[PDB]
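Input: a single structure, listed below in structure tokens.
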2 protein chains.
Amino acid sequence: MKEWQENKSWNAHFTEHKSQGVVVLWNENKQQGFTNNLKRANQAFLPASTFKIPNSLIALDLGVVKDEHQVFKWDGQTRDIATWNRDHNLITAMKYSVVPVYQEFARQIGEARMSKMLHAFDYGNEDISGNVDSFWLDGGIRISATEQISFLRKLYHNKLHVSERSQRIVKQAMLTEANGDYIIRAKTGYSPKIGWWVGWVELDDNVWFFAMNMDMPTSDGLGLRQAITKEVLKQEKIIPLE
Amino acid sequence: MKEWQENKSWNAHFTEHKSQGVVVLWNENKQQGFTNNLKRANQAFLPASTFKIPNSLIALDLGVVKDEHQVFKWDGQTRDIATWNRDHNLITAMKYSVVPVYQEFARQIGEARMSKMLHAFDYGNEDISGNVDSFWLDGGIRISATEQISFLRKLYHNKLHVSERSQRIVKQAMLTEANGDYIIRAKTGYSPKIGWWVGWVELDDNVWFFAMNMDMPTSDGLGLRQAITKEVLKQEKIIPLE
């Protein structure tokens, strides 16, 4: 069984920001879930660049990626995001959400192995058909915020059907923020109409998993994905007040 | 050969804080070292809590520590450091420099295996006299700031004579700070008279290793270990201005 609690008080965080969406938290020690909206918590959306987490694991598991230091040379095509127009390793490809590096991984994996692996990870509901380098925003594939949490819990515990090394590498590449109070390992995601933030907050005595998604009519309020999540984390006393 | 540069301009950082000591930096890409004082950079001191880095590696390698989640229960003895009066895992034992946890690791490792391993690591003067649970607290073990750097470089590259997994785990336990500009993996050290900060700063395109120590007449200016290092890192444009 899974314990869930609907906390509509968190709605004020989306409302004060003229936004709509869902924040889902999971308290690992207590085996208890929390969300502002249980309906939307279970609504499946395209993962967008949150798909960089399973893609990284699969690439590492198959040897497409040797380790976190291997260099993926820039193909020489000048794109709008300046940080993409250069060489990268797994750490920086993840940090700058370098889509062409990940399109190349997906093509090397191929749709037969990508499909088998996603079924092994029990990752959303997939229907890839001649779109290996775009299914994460096609889509192609859809995943809910509660399903993002089940997948992340497996990753955190090294329980996915890949080596412990591959899972450790991806968790290192997911490193977003750390200080004396907490460690955040996460992945942002954006594709027309939906923005995501998924990952976890490691504390000394507990791990709080999180998955949020929000309506993004334009690419304007990308900062709200982390800001809204942090407002919920602060309300719940998971992270300190700045 | 090893390239060193003495930059006496960094002395103003120790000066302005009514302190004395050394900051040693190593630019990995350029294979170039930098220091305010070459004499003190090579002066050997008690490693104190920086010894938690090889102690962790050896415990993991021998199976004394199964993984970063294994719990070392508090024995119920009330000690001066409030954070020691609780259960720890490898992450929190390192963060809070929990001496009783590490004394237990050392006893399990034993004298013979501790000595062989420190020689395999080329760790300082490689002297474990006298007691296996206190030689780093008040024994004959000595390490210089440049020797801390040689050891840390090996750890960073997974080049120490332990498994890749053990080195990955210790580097995770060393996680101190991370943001969009840099990642710091380090270990503080304090024992009467000397304070240490050793580790590295990971950037997108380089790694800067660091080892500092300073005179600590009392346990008052512990914050200066990190503050002085960061002033040097900011002067050298390694990390941005806050």
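Per chain, numbering begins at 1; letters A, B, ... match sequence-line order.
- Two rings, from A:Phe135 and A:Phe51, have their centers less than 6.0 Å apart.
- Using the six-membered ring where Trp is involved, A:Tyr96 and A:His88 have ring planes that are tilted, between 30° and 60° apart.
- A:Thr35 places a side-chain N or O within 3.5 Å of a backbone atom of A:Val23 that can act as its donor or acceptor partner.
- In summary, the aromatic rings of B:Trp208 and B:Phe34 are positioned with their centroids under 6.0 Å apart.
- Note that the NE2 atom of B:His17 and the CD1 atom of B:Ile228 stand 5.5 Å from one another [nearest 0.5 Å].
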*Applying side chain to side chain contact (heavy atoms under 4.5 Å, CB included), run through A:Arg142 and A:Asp127 and close with a yes or a no.*
CA-CA 9 Å; A:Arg142 272 180 178 95; A:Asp127 196 66; over 6 Å; no
*Would you check, one step at a time, whether the test side chain to side chain contact (heavy atoms under 4.5 Å, CB included) holds for A:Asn55 with A:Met114?*
CA-CA 8 Å; A:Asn55 199 356; A:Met114 185 71 81; 3.7 Å; yes
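- Without hydrogens or angle criteria, A:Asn29 side chain to A:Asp205 main chain gives a donor-acceptor distance under 3.5 Å.
- Both the sub-6.0 Å distance and the 45° axial angle are satisfied by A:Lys2 relative to the ring of A:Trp26.
- Here B:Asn27 contributes atom CG and B:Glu3 contributes atom CD; the two are 12.0 Å apart, rounded to the nearest 0.5 Å.
- Remark: the backbone N or O of A:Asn89 is paired with a side-chain donor or acceptor of A:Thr92 at under 3.5 angstrom.
- A donor and an acceptor atom, one from each side chain of A:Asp215 and A:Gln20, are located under 3.5 Å apart.
- Of the possible donor and acceptor atoms, one in the side chain of A:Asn37 sits under 3.5 Å from a partner among the backbone N and O of A:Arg40.
- In terms of heavy-atom proximity, A:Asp87 sits nearest to A:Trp74 at OD1-N, 3.0 Å.
- The aromatic rings of A:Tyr123 and A:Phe151 sit perpendicular to each other, their planes meeting at more than 60°, with 30° as the lower class boundary.
- The closest side-chain heavy-atom distance from A:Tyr182 to A:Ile238 is not below 4.5 Å.
- Atom CG of A:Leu160 sits about 11.5 Å away from atom CZ of A:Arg153, to the nearest 0.5 Å.
- Residues B:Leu155 and B:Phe209 are not in side-chain contact: their nearest non-hydrogen atoms beyond the backbone lie 4.5 Å or more apart.
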_Walk me through whether B:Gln226 and B:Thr176 qualify under side-chain hydrogen bond (donor to acceptor under 3.5 Å, both in side chains)._
CA-CA 11 Å; B:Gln226 299 100 324; B:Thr176 300; over 6 Å; no
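- Of the possible donor and acceptor atoms, one in the side chain of A:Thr15 sits under 3.5 Å from a partner among the backbone N and O of A:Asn11.
- The side-chain heavy atoms of B:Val198 and B:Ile143, taken from C-beta on, include no pair separated by under 4.5 Å.
- For the pair B:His157/A:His69, no side-chain contact is recorded, criterion being any heavy-atom separation below 4.5 Å from C-beta on.
- Remark: the backbone N or O of A:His119 is not paired with any side-chain donor or acceptor of A:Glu126 at under 3.5 angstrom.
- Of the N and O atoms on the side chains of B:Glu6 and B:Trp4, not one donor lies less than 3.5 Å from an acceptor on the other residue.
- Residue A:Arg225 comes nearest to A:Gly189 through the heavy atom pair NH1-O, 2.9 Å, listed as atom of the first residue, atom of the second, then distance.
- In A:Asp122, the CG atom is not crowded: 12 or fewer heavy atoms of neighbouring residues, nucleotides or ligands sit closer than 6.0 Å.
- No donor-acceptor pair closer than 3.5 Å links the side chain of B:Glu68 to the backbone N or O of B:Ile91.
- Listed here is the closest heavy atom pair of A:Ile128 and A:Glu111: O-OE2, 3.7 Å.
- B:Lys52 places a side-chain heavy atom less than 4.5 Å from the side chain of B:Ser97.
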*Pair A:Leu222-A:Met216, side chain to side chain contact (heavy atoms under 4.5 Å, CB included): steps then yes or no*: CA-CA 8 Å; A:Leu222 291 169; A:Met216 296 210 66; 3.6 Å; yes
*Stepwise, does the side-chain hydrogen bond (donor to acceptor under 3.5 Å, both in side chains) test hold for B:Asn42 with B:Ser144?*
CA-CA 5 Å; B:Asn42 291 289; B:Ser144 75; 4.6 Å; no
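- At least one donor-acceptor pair closer than 3.5 Å links the side chain of A:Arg113 to the backbone N or O of A:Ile109.
- A distance-only check finds no donor-acceptor pair linking the side chain of A:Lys187 to the backbone of A:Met174 [under 3.5 Å].
- Remark: the backbone N or O of B:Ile184 is not paired with any side-chain donor or acceptor of B:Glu177 at under 3.5 angstrom.
- Here the side chains of A:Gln167 and A:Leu60 are not in contact, with every heavy-atom distance at 4.5 Å or above.
- A 6.0 Å sphere centred on NZ of B:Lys234 holds more than 12 heavy atoms belonging to other residues, nucleotides or ligands.
- For the residue pair B:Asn206/B:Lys30, the side-chain donor-acceptor check at 3.5 Å is not satisfied.
- Within the model, atoms NZ of B:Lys171 and CZ of B:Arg185 stand 8.0 Å from one another, a figure rounded to the nearest 0.5 Å.
- How far OG of A:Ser191 is from NZ of A:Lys193: 10.0 Å, rounded to the nearest 0.5 Å.
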*List the steps, then state whether salt bridge (charged side-chain N to carboxylate O under 4.0 Å, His left out) holds for A:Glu104 with A:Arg107.*
CA-CA 5 Å; A:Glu104 186 50 33; A:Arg107 285 187 301 256; 3.0 Å; yes
_I'd like to know whether A:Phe14 forms a side chain to side chain contact (heavy atoms under 4.5 Å, CB included) with A:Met212, so could you lay out the CA-CA distance, the side-chain angles of the two residues, the decisive distance to 0.1 Å, and finally the verdict._
CA-CA 11 Å; A:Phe14 284 97; A:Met212 83 86 75; 4.0 Å; yes
